[PDB]
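Let me begin by presenting the structure, written as structure tokens, before commenting on it.
Protein chains: 2
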Amino acid sequence: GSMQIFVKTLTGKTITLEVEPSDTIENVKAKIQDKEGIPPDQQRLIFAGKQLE
Amino acid sequence: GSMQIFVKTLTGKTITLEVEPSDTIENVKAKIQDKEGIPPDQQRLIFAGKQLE
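Going down the list, the sequences are from chains Y and B. The number in the working numbering is simply the position in the first sequence, starting from 1, with 51 added. The number in the working numbering is simply the position in the second sequence, starting from 1, with 51 added.
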């Protein structure tokens, strides 16, 4: 809820994971490992602006 | 090259931006502003594992 990052599991199902924005990217990705089991490097980082017009 | 994050501009064209993994997520997104001009909150964060099978 605070900052649930959007992620896609190898299988396909969508996955949510809350983490502080200030928290280092490496740390955030590392949690995804615990969440499933995939190296942080593998996770593809993506950004997209969407100003709710 | 070091860690060019994947981003998609409001227009559509793809954008690349290198930033240290350790660097705070908020700081990383903030640069995207300088890169174009969009609030960090607007940028959608995404992660996807892809082990080069």
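Think of the CB as a built atom: it goes at the ideal place given N, C-alpha and C, for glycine as much as any other residue.
Below 9 Å between beta carbons: does that hold for residue i and residue j?
i        : j        : result
B/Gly100 : Y/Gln102 : no
B/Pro91  : B/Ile83  : yes
B/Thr60  : B/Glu87  : yes
Y/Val70  : Y/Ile56  : yes
Using a C-beta to C-beta distance shorter than 8 Å, which residues of chain B count as neighbours of residue i?
i       : result
Y/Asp74 : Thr75 and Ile76
Could you check if residue i is buried or exposed, using at least 16 other CB atoms within 10 Å of its CB as the buried criterion?
i                      : result
residue 138 of chain Y : In the structure displayed, chain Y extends from 52 to 104; residue 138 of chain Y sits before or after that span and is not available.
B/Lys64                : exposed
So which residues on chain Y does residue i lean against when the C-beta distance must stay under 7 Å?
i       : result
B/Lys80 : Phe98
Name the chain B residues that come within less than 9 Å of residue i, Cβ to Cβ?
i       : result
Y/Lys59 : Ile97, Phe98, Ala99 and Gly100
For residue i, list the residues DSSP reports as bridge partners.
i       : result
B/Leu68 : B/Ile56
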